[PDB]
Amino acid sequence: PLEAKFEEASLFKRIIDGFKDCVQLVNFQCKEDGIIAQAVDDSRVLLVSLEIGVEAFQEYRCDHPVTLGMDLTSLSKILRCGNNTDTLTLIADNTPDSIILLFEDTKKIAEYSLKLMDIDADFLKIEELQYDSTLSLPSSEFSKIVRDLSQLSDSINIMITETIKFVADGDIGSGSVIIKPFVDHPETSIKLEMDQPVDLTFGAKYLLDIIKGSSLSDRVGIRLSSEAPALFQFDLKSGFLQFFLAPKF
Amino acid sequence: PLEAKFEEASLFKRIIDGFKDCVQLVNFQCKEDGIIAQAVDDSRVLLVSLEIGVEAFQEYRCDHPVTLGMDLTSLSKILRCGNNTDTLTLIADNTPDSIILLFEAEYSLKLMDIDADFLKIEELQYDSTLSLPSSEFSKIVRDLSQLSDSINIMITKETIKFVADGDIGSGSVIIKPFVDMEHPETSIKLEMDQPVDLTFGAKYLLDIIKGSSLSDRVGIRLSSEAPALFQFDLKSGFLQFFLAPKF
Amino acid sequence: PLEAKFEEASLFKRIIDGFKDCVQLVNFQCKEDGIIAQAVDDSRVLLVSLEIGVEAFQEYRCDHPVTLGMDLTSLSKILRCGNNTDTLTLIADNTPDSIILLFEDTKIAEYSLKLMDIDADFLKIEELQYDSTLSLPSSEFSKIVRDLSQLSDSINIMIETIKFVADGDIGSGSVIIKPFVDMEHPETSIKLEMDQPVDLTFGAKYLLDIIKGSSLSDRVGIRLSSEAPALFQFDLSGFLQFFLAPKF
């Protein structure tokens, strides 16, 4: 049928966690080459795209491509049953009415069934060829900056010249984090490639959701274009989780 | 290999009718989760995208994905043979030469080779998003079509204005969003990020409104420089029309 | 599992040759209806899309979709063994550790290519309507690009008139051609459909890679839109497209 075993349930847990607080219901297409999924939020201001490759699984077998509609709050609830390092394996049939999530801890074990639903899959490819600027920084730093400036206001501005400035201007005060590219410990390097400069403003509400993809990666990529939704990538082991966020006009 | 049974042939008939007279000839990709098909027209000003989910069928089985190239007029003519309550079943074998349409009389349509270049031009967010009775929309378009061959649309705050201007004269229809709690299917819905001013070909709008035979309501998403999207939702599915505006 | 035979390895050879020195590596998705592949260059200025239909093969059987990650230089090297008249047959198994390229003649060599893991994030940037769509003999086009790329590293296009103009340090040059229909030889006719006029400047070095695709087709299609990447297509039951981002 279909069976996919995460060596540690922790991974799939963190993966769902990342876009859990973003969107509501989501379609999961499982193909021969692994699992892809996409969801757009309430206001259609934010899209989450997720690609999980075969080598992120301890084992992966999908004979017939299978889509799985899922309520994210439900799936998360089943995923808190958890116990982290334990082998989690999703199992679905040819035409499944439900997906089986099977936990095994090395001691012994539990099996759960999530009932799937029908969702219309209108899948978006809004990603561009070249974005005006492409930067990458430690996800932790980015997390900190967003969390700090989101104190001062609801709207955070990002400016790239070669200089990257983060600016919040509120009804209390303002704040500015200016950071510049360098190479060092490669995990801490701030990389920047700039074609034409960029000045873009985003809802902090959303950015705070985007940054909790920090649990999946050391580093975040950020690609920005003038008229386009900005793209925020957290790379997986053979995969990624990206957030497309439409700028404010 | 592939067998898909509509409860009533009337549905497939009305779908194909819906985007017939719009586009030329169309590639139908049948997968495990059902049928998607796309076609662009003569001047490439209009694209039809169709998704039919698995639960719009009385039953559906597709073992391996199969594409079916089809001449829309040929298929339509074969679909004229329908009793509109007869149970239509499409059938294809592993590498189809032809597709069998079975009414309950059996027909065969010989397939064509077409190039599969497929278009995702849909956008994340559109400036304005409205929805209204497909009937009302078809009326407005049909009326304004009389006065000129170019119909313009303006979304303001709570204002939606349709305006035609030509040699004969000038029409204007103005509707506002409202919630009718007696009958929710007639309620006019509108969401607006930025206002929009967009002109479209009446020739094309007239083709687009023919999809009103599939749905109570039509959604309309308008972005400022992007092709406007007109959606008629189905039972587990939809038929959408992407129409490029006028410069 | 997966078995695909080209009547002449010549074809697969010139296909890979076309985008070989353009892009870094490539992901080949083989499906029931045939092969598609996409690659972006390092500057992400140039995308190559490739569609090869079922009927570009002497025989084609793909039971279930299989993706094959490949190093282009490696593949090309294993394709240098081709006779250009030999029947090349690609073979891959359920989960593809390696692809088997099999050359055979009327008088047989079997090569194995180690497959890599590439993240496939595929782009659909193609538009509905392009401001201008023209088509000319690939021959002519390659000559024009080759000539103007002498005078400058930036070649400009202006569209019933099609003007190619390069202005560099040493000098400038202008080739102007107009749409015409030729009853004698339709393959040499230049066609133009213009909704809006277009003015676009491109990198010469990239256009020079793009014209390499001339070995695959009599004619090149060119679709130029104002803010968008221009689309250069060489047809094959299939095609090879080069999406090239204009310069600002």
# chains A, B, ... in the order shown; residues from 1 in each chain; ligands from 1
call {"tool": "select_by_dssp", "arguments": {"residues": "range 53-206 of chain A", "states": "strand (DSSP E)", "output": "PyMOL selection string"}}
result
chain A and resi 59-62+66-71+87-92+98-104+111-115+133-138+155-160+164-169+174-179+191-194+198-203
call {"tool": "interface_residues", "arguments": {"of": "chain B", "to": "chain A", "cutoff": "12 Å", "atoms": "only C-alpha atoms", "output": "PyMOL selection string"}}
result
chain B and resi 31-36+49-56+60-65+118-129+191-194+225+231+233-240
call {"tool": "interface_residues", "arguments": {"of": "chain C", "to": "chain A", "cutoff": "9 Å", "atoms": "only C-alpha atoms", "output": "list in words"}}
result
residues 40, 43, 44, 45, 46, 47, 64, 65, 66, 67, 95, 117, 118, 119, 120, 121, 122, 123, 124, 125, 229, 245 and 248 of chain C
call {"tool": "write_last_selection", "arguments": {"atoms": "N, CA and C atoms", "output": "PDB file, in the first residue's frame"}}
result
ATOM      1  N   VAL C  40      18.143  24.978 -13.536  1.00  0.00           N
ATOM      2  CA  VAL C  40      18.443  26.408 -13.514  1.00  0.00           C
ATOM      3  C   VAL C  40      19.951  26.593 -13.453  1.00  0.00           C
ATOM      4  N   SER C  43      23.550  31.396 -11.683  1.00  0.00           N
ATOM      5  CA  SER C  43      23.091  32.755 -11.430  1.00  0.00           C
ATOM      6  C   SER C  43      21.573  32.802 -11.263  1.00  0.00           C
ATOM      7  N   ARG C  44      20.922  31.659 -11.484  1.00  0.00           N
ATOM      8  CA  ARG C  44      19.463  31.558 -11.576  1.00  0.00           C
ATOM      9  C   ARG C  44      18.903  32.556 -12.594  1.00  0.00           C
ATOM     10  N   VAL C  45      19.704  32.883 -13.604  1.00  0.00           N
ATOM     11  CA  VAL C  45      19.265  33.743 -14.701  1.00  0.00           C
ATOM     12  C   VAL C  45      18.648  32.964 -15.880  1.00  0.00           C
ATOM     13  N   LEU C  46      18.927  31.664 -15.948  1.00  0.00           N
ATOM     14  CA  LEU C  46      18.540  30.853 -17.103  1.00  0.00           C
ATOM     15  C   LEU C  46      17.962  29.506 -16.695  1.00  0.00           C
ATOM     16  N   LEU C  47      16.746  29.228 -17.145  1.00  0.00           N
ATOM     17  CA  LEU C  47      16.119  27.948 -16.867  1.00  0.00           C
ATOM     18  C   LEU C  47      16.003  27.147 -18.154  1.00  0.00           C
ATOM     19  N   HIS C  64       6.030   2.906 -13.516  1.00  0.00           N
ATOM     20  CA  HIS C  64       5.731   3.873 -12.475  1.00  0.00           C
ATOM     21  C   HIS C  64       6.778   4.972 -12.530  1.00  0.00           C
ATOM     22  N   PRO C  65       6.380   6.211 -12.215  1.00  0.00           N
ATOM     23  CA  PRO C  65       7.299   7.346 -12.286  1.00  0.00           C
ATOM     24  C   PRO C  65       8.614   7.085 -11.572  1.00  0.00           C
ATOM     25  N   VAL C  66       9.718   7.422 -12.233  1.00  0.00           N
ATOM     26  CA  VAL C  66      11.040   7.298 -11.629  1.00  0.00           C
ATOM     27  C   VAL C  66      11.857   8.549 -11.923  1.00  0.00           C
ATOM     28  N   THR C  67      12.431   9.147 -10.884  1.00  0.00           N
ATOM     29  CA  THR C  67      13.272  10.325 -11.068  1.00  0.00           C
ATOM     30  C   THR C  67      14.739   9.914 -11.072  1.00  0.00           C
ATOM     31  N   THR C  95      13.642   1.520  -7.280  1.00  0.00           N
ATOM     32  CA  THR C  95      14.362   2.634  -6.675  1.00  0.00           C
ATOM     33  C   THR C  95      15.761   2.629  -7.285  1.00  0.00           C
ATOM     34  N   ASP C 117      21.339  12.532  -5.543  1.00  0.00           N
ATOM     35  CA  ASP C 117      20.105  13.039  -4.949  1.00  0.00           C
ATOM     36  C   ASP C 117      20.113  14.555  -5.107  1.00  0.00           C
ATOM     37  N   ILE C 118      19.156  15.064  -5.874  1.00  0.00           N
ATOM     38  CA  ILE C 118      18.958  16.499  -6.026  1.00  0.00           C
ATOM     39  C   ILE C 118      17.570  16.862  -5.513  1.00  0.00           C
ATOM     40  N   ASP C 119      17.458  17.991  -4.819  1.00  0.00           N
ATOM     41  CA  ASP C 119      16.152  18.451  -4.364  1.00  0.00           C
ATOM     42  C   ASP C 119      15.398  19.021  -5.553  1.00  0.00           C
ATOM     43  N   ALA C 120      14.221  18.473  -5.833  1.00  0.00           N
ATOM     44  CA  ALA C 120      13.495  18.950  -6.990  1.00  0.00           C
ATOM     45  C   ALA C 120      12.454  19.942  -6.538  1.00  0.00           C
ATOM     46  N   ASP C 121      12.773  21.204  -6.776  1.00  0.00           N
ATOM     47  CA  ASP C 121      11.828  22.278  -6.611  1.00  0.00           C
ATOM     48  C   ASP C 121      11.635  22.816  -8.013  1.00  0.00           C
ATOM     49  N   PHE C 122      10.508  22.480  -8.631  1.00  0.00           N
ATOM     50  CA  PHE C 122      10.368  22.789 -10.042  1.00  0.00           C
ATOM     51  C   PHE C 122       9.540  24.039 -10.223  1.00  0.00           C
ATOM     52  N   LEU C 123       9.916  24.799 -11.239  1.00  0.00           N
ATOM     53  CA  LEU C 123       9.360  26.113 -11.464  1.00  0.00           C
ATOM     54  C   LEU C 123       8.349  26.069 -12.592  1.00  0.00           C
ATOM     55  N   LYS C 124       7.172  26.651 -12.385  1.00  0.00           N
ATOM     56  CA  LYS C 124       6.372  26.985 -13.543  1.00  0.00           C
ATOM     57  C   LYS C 124       6.293  28.497 -13.617  1.00  0.00           C
ATOM     58  N   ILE C 125       7.201  29.080 -14.391  1.00  0.00           N
ATOM     59  CA  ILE C 125       7.230  30.521 -14.575  1.00  0.00           C
ATOM     60  C   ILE C 125       6.675  30.927 -15.930  1.00  0.00           C
ATOM     61  N   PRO C 229      10.874  36.760 -17.930  1.00  0.00           N
ATOM     62  CA  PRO C 229      11.909  36.030 -18.674  1.00  0.00           C
ATOM     63  C   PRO C 229      11.438  35.612 -20.071  1.00  0.00           C
ATOM     64  N   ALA C 245      16.155  35.393 -18.168  1.00  0.00           N
ATOM     65  CA  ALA C 245      15.807  36.649 -17.519  1.00  0.00           C
ATOM     66  C   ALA C 245      16.485  37.828 -18.209  1.00  0.00           C
ATOM     67  N   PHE C 248      18.043  44.437 -16.229  1.00  0.00           N
ATOM     68  CA  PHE C 248      17.285  45.600 -15.773  1.00  0.00           C
ATOM     69  C   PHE C 248      17.908  46.925 -16.206  1.00  0.00           C
TER      70      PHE C 248
END
call {"tool": "closest_atom_pairs", "arguments": {"of": "range 216-249 of chain A", "to": "range 159-183 of chain A", "cutoff": "12 Å", "atoms": "only C-alpha atoms", "output": "CSV"}}
result
residue,atom,partner,partner_atom,distance
A:222,CA,A:164,CA,11.4
A:223,CA,A:160,CA,10.9
A:224,CA,A:160,CA,9.2
A:225,CA,A:160,CA,10.6
A:226,CA,A:159,CA,10.9
call {"tool": "write_last_selection", "arguments": {"atoms": "N, CA, C and O atoms", "output": "mmCIF file, in the first residue's frame"}}
result
data_model
loop_
_atom_site.group_PDB
_atom_site.id
_atom_site.type_symbol
_atom_site.label_atom_id
_atom_site.label_comp_id
_atom_site.auth_asym_id
_atom_site.auth_seq_id
_atom_site.Cartn_x
_atom_site.Cartn_y
_atom_site.Cartn_z
ATOM 1 N N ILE A 222 16.480 33.428 2.761
ATOM 2 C CA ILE A 222 15.455 34.427 2.501
ATOM 3 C C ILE A 222 15.665 35.007 1.112
ATOM 4 O O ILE A 222 16.695 35.621 0.838
ATOM 5 N N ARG A 223 14.686 34.819 0.237
ATOM 6 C CA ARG A 223 14.747 35.377 -1.104
ATOM 7 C C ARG A 223 13.655 36.430 -1.258
ATOM 8 O O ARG A 223 12.487 36.170 -0.980
ATOM 9 N N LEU A 224 14.053 37.627 -1.679
ATOM 10 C CA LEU A 224 13.147 38.767 -1.773
ATOM 11 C C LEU A 224 13.146 39.376 -3.169
ATOM 12 O O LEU A 224 14.200 39.570 -3.778
ATOM 13 N N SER A 225 11.951 39.665 -3.671
ATOM 14 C CA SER A 225 11.787 40.379 -4.928
ATOM 15 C C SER A 225 10.792 41.505 -4.691
ATOM 16 O O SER A 225 9.988 41.436 -3.759
ATOM 17 N N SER A 226 10.840 42.532 -5.535
ATOM 18 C CA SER A 226 10.132 43.783 -5.274
ATOM 19 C C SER A 226 8.612 43.645 -5.262
ATOM 20 O O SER A 226 7.950 44.121 -4.342
#
call {"tool": "atom_distance", "arguments": {"atom1": "CA of residue 130 in chain C", "atom2": "CA of residue 189 in chain C"}}
result
20.6 Å
call {"tool": "interface_residues", "arguments": {"of": "chain C", "to": "chain B", "cutoff": "9 Å", "atoms": "only C-alpha atoms", "output": "number ranges by chain"}}
result
C: 31-33, 51, 53, 55, 63-64, 124-130, 196, 237-239
call {"tool": "closest_residue", "arguments": {"among": "B:102, B:196, B:22, B:30", "to": "residue 73 in chain B", "atoms": "only C-alpha atoms"}}
result
B:22
call {"tool": "residues_around", "arguments": {"residues": "range 162-177 of chain B", "least_positions_apart": "3", "cutoff": "9 Å", "atoms": "only C-alpha atoms", "output": "ChimeraX atom specification"}}
result
/B:130,140-141,143-154,158-159,187-190
call {"tool": "atom_distance", "arguments": {"atom1": "CA of residue 230 in chain B", "atom2": "CA of residue 214 in chain B"}}
result
12.8 Å
call {"tool": "residues_around", "arguments": {"residues": "range 14-22 of chain C", "least_positions_apart": "6", "cutoff": "7 Å", "atoms": "only C-alpha atoms", "output": "PyMOL selection string"}}
result
chain C and resi 41+48+72+76+209+212-213+215-216
call {"tool": "write_last_selection", "arguments": {"atoms": "N, CA and C atoms", "output": "PDB file, in the first residue's frame"}}
result
ATOM      1  N   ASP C  41      20.468  27.641 -14.087  1.00  0.00           N
ATOM      2  CA  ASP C  41      21.905  27.895 -14.037  1.00  0.00           C
ATOM      3  C   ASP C  41      22.277  28.446 -12.660  1.00  0.00           C
ATOM      4  N   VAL C  48      16.218  25.844 -18.053  1.00  0.00           N
ATOM      5  CA  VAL C  48      16.049  24.945 -19.177  1.00  0.00           C
ATOM      6  C   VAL C  48      14.975  23.924 -18.862  1.00  0.00           C
ATOM      7  N   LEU C  72      25.564  16.321 -15.446  1.00  0.00           N
ATOM      8  CA  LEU C  72      25.482  16.475 -16.892  1.00  0.00           C
ATOM      9  C   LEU C  72      26.775  16.132 -17.617  1.00  0.00           C
ATOM     10  N   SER C  76      27.130  13.178 -20.339  1.00  0.00           N
ATOM     11  CA  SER C  76      27.641  13.532 -21.657  1.00  0.00           C
ATOM     12  C   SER C  76      28.836  12.655 -22.019  1.00  0.00           C
ATOM     13  N   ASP C 209      24.650  30.213 -25.481  1.00  0.00           N
ATOM     14  CA  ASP C 209      24.322  28.853 -25.052  1.00  0.00           C
ATOM     15  C   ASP C 209      22.953  28.456 -25.582  1.00  0.00           C
ATOM     16  N   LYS C 212      22.669  27.054 -29.032  1.00  0.00           N
ATOM     17  CA  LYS C 212      23.237  25.718 -29.204  1.00  0.00           C
ATOM     18  C   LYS C 212      22.127  24.727 -29.534  1.00  0.00           C
ATOM     19  N   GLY C 213      20.913  25.056 -29.107  1.00  0.00           N
ATOM     20  CA  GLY C 213      19.755  24.219 -29.358  1.00  0.00           C
ATOM     21  C   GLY C 213      19.335  24.188 -30.816  1.00  0.00           C
ATOM     22  N   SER C 215      20.744  22.675 -33.127  1.00  0.00           N
ATOM     23  CA  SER C 215      20.970  21.339 -33.659  1.00  0.00           C
ATOM     24  C   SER C 215      19.735  20.454 -33.501  1.00  0.00           C
ATOM     25  N   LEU C 216      18.775  20.899 -32.692  1.00  0.00           N
ATOM     26  CA  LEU C 216      17.536  20.144 -32.506  1.00  0.00           C
ATOM     27  C   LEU C 216      16.346  20.555 -33.383  1.00  0.00           C
TER      28      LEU C 216
END
